[PDB]
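See below for the structure under consideration.
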Amino acid sequence: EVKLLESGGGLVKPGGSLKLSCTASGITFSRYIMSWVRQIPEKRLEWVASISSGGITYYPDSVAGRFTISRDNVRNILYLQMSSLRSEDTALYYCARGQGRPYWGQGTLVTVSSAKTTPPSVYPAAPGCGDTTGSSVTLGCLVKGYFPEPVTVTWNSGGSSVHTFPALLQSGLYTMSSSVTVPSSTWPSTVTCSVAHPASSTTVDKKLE
Amino acid sequence: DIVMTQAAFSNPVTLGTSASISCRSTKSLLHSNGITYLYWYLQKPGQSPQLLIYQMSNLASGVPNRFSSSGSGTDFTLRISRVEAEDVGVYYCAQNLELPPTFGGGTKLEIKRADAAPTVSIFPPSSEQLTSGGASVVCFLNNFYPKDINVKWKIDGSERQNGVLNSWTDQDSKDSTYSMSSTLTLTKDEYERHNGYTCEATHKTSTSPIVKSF
Ligand SMILES: O=C(O)CCCC(=O)Nc1ccc(/C=C/c2ccccc2)cc1
């Protein structure tokens, strides 16, 4: 197989440092111009650093002097040592073999802030007094008060009518809801929303009624 | 730097027909070896970027031949034949001819379909939430089309515009519709001194605003 895997991301205080790493199967880093790129909220990729096969390093002004890209040719590992981190550095960082047919990993999240990692509060959203109790019912789970943003809502895994809305920041904490739809002829069969928040190593399962 | 330019949007495309996404570079991407170093990738909501085409005309792994790219060294066109609902997302062109790596701003692919009214479902604060002092009322306006819509809140007949938060999804990869949620957040105290909350949704399809209250 051929794949790149970034790791090392997480929460960091402004002015702090962090070291990202990248390993791969099927790609020999020493032979290429290897790079690091990052994806911020804007969702438009930004080049962070590159290192040629010759070992020459390249950096944009945005990180010049604070970031250092390096490679361990023997163990086949790519690194990105970050320092004097700024809030503007918050993003999803990708490791990439850009030449020819580009390859990149799933990315690793780096969050720079003083804020605290808070677990999510999950509240069930089901029909109560006087509702459209019939064919096709809209159920849901409200998730609020968490941080960082990365959170995943899964419905019995077999969810095809799910609608997970973009999380919104509120007073420093994120909030989002997820709705699901199923025919009333199967409502009394157990509908559960599983909220996962790796940031706080928390997973909350709420069974609607 | 080699600047890559694409329009932010393209006209809505009918399912089953072809879509064309343009892109241009400030410098030819045609290398001396005869290869043109242009690649295209796709970004769908909640997914990592996916390579579609590289070296101008080579399909990446798992990419159906409905996708193709053509053009010169500075002007290119990504073509998607027989557009499918799952094709919605943002298409990016980029160059890997030289450093520094540069990328286009991305072009969002819009799918045109038949109008649809929003399925509205409202929910009162949960008991578990009230026991903590909080009080947020939620209502979903799901699977509607077009994406243009507007929700209004009414507490005891009065309009409560303050304290409301709205969140919209991207075009659905399956049904090509849009969805959104409206959440009026307040203290359990403010919530108690009232009763009868209204989630009003006025679309442009019908003249009968679908309103739900409790
Ligand atoms: O020989 C040369 O100088 C030309 C090659 C230069 C090069 O590596 N370019 C290059 C470097 C990195 C990328 C990364 C692209 C990417 C795209 C999507 C997600 C994550 C990363 C894309 C291209």
Side-chain angles (χ1 to χ4, degrees), chain A residues 2 33 35 37 39 42-50 52 58-60 92 94 96-107 121-132 136-142 144-145 152 160-161 163-168 170 175-179 181 206, chain B residues 1 35 37 39 41 43 45-46 48-49 51 53-55 58 60-61 90 92 94-106 119-130 132 134 136 138-140 142-143 165-170 172 174-175 177-181 183 185 212 214:
Chain A
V2 183
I33 293 170
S35 313
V37 175
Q39 178 161 64
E42 79 180 9
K43 216 63 180 300
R44 183 172 184 173
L45 279 305
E46 178 185 0
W47 170 60
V48 175
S50 295
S52 70
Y58 307 79
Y59 306 95
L92 187 63
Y94 293 93
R97 189 291 291 284
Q99 295 163 297
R101 181 259 169 65
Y103 275 111
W104 56 77
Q106 289 296 299
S121 293
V122 185
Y123 302 119
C129 286
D131 287 60
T132 306
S136 300
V137 57
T138 304
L139 296 175
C141 285
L142 168 66
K144 70 186 295 74
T152 305
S160 182
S161 181
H163 288 303
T164 295
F165 306 92
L168 293 179
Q170 186 172 57
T175 302
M176 66 143 73
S177 54
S178 178
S179 67
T181 298
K206 192 73 66 178
Chain B
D1 297 3
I35 297 178
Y37 291 89
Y39 66 98
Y41 63 88
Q43 177 109 59
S48 57
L51 182 67
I53 290 174
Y54 68 98
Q55 293 183 184
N58 301 272
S61 65
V90 186
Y92 296 88
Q95 63 81 28
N96 65 334
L97 177 74
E98 48 182 57
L99 296 171
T102 50
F103 323 78
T119 297
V120 190
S121 300
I122 188 173
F123 308 74
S126 176
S127 56
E128 308 177 6
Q129 169 177 46
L130 290 177
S132 66
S136 69
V138 183
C139 55
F140 305 126
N142 297 173
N143 305 60
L165 289 175
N166 303 306
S167 186
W168 304 264
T169 54
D170 291 314
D172 193 74
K174 307 300 175 58
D175 188 12
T177 71
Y178 293 90
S179 290
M180 76 154 277
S181 67
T183 300
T185 300
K212 304 303 286 294
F214 68 85

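Residue numbers start from 1 in every chain, and the chains themselves are labelled A, B, ... in the order their sequence lines are given, proteins ahead of strands. Computed over heavy atoms, backbone and side chain alike; hydrogens, waters and symmetry mates excluded.
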Fill in: Contact leader toward chain B among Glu46(A), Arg44(A), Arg101(A), where contacts are heavy-atom pairs under 4.5 Å
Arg101(A)
Worksheet, complete the sentence: Whatever's closer than 4.5 Å to a heavy atom in chain A on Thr102(B) counts as neither
Worksheet, complete the sentence: Turns out that what part of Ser127(B) lies under 4.5 Å from chain A's heavy atoms comes down to neither
Worksheet item: Quick check: are there more than 12 heavy atoms from other residues, nucleotides or ligands sitting under 6.0 Å from CD of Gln106(A)?
Response: no
Practice prompt. Using modelled atom types only, decide if a donor and an acceptor are shared between the side chain of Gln99(A) and the backbone of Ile33(A) within a distance under 3.5 Å.
Written response: yes
Response to the item:
Looking only at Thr164(A), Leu168(A), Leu139(A), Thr132(A), most heavy-atom pairs under 4.5 Å shared with chain B are made by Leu168(A)
Item to complete: Select one option (side chain, backbone, both, neither) describing which atoms of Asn166(B) are under 4.5 Å from chain A's heavy atoms.
Response: backbone
Worksheet entry | Residue part contacting chain B, namely of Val2(A), when any heavy atom lies under 4.5 Å | neither
Worksheet item: Where on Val37(A) is there a heavy atom nearer than 4.5 Å to chain B: the side chain, the backbone, both, or neither?
Response: side chain
Practice prompt. Give, as side chain, backbone, both or neither, the part of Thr185(B) having an atom under 4.5 angstrom from any heavy atom of chain A.
Written response: side chain
Discussion item. Other residues, nucleotides and ligands only: do more than 12 of their heavy atoms fall within 6.0 Å of NZ on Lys174(B)?
Written reply: no
Worksheet entry | Under 4.5 Å from a heavy atom of chain B, the part of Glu42(A) involved | neither
Worksheet item: By a 4.5 Å heavy-atom criterion (distance strictly below it), what part of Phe103(B) contacts chain A: side chain, backbone, both, or neither?
Response: both
Response to the item:
Honestly, the part of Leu51(B) sitting under 4.5 Å from a heavy atom of chain A is both
Worksheet item: At a heavy-atom separation under 4.5 Å, does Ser52(A) approach chain B through its side chain, its backbone, both, or neither?
Response: neither
Worksheet item: chain B heavy atoms under 4.5 Å from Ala96(A): which part of the residue, side chain, backbone, both or neither?
Response: neither
Discussion item. Counting only non-hydrogen atoms closer than 4.5 Å, does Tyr58(A) touch chain B with its backbone (N, CA, C, O), its side chain (CB onward), both, or neither?
Written reply: side chain
Practice prompt. Against chain A, label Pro45(B) side chain, backbone, both or neither, depending on which of its atoms sit under 4.5 Å from a heavy atom there.
Written response: neither
Worksheet item: Using non-hydrogen atoms only, which part of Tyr103(A) is less than 4.5 Å away from chain B: side chain, backbone, both, or neither?
Response: neither
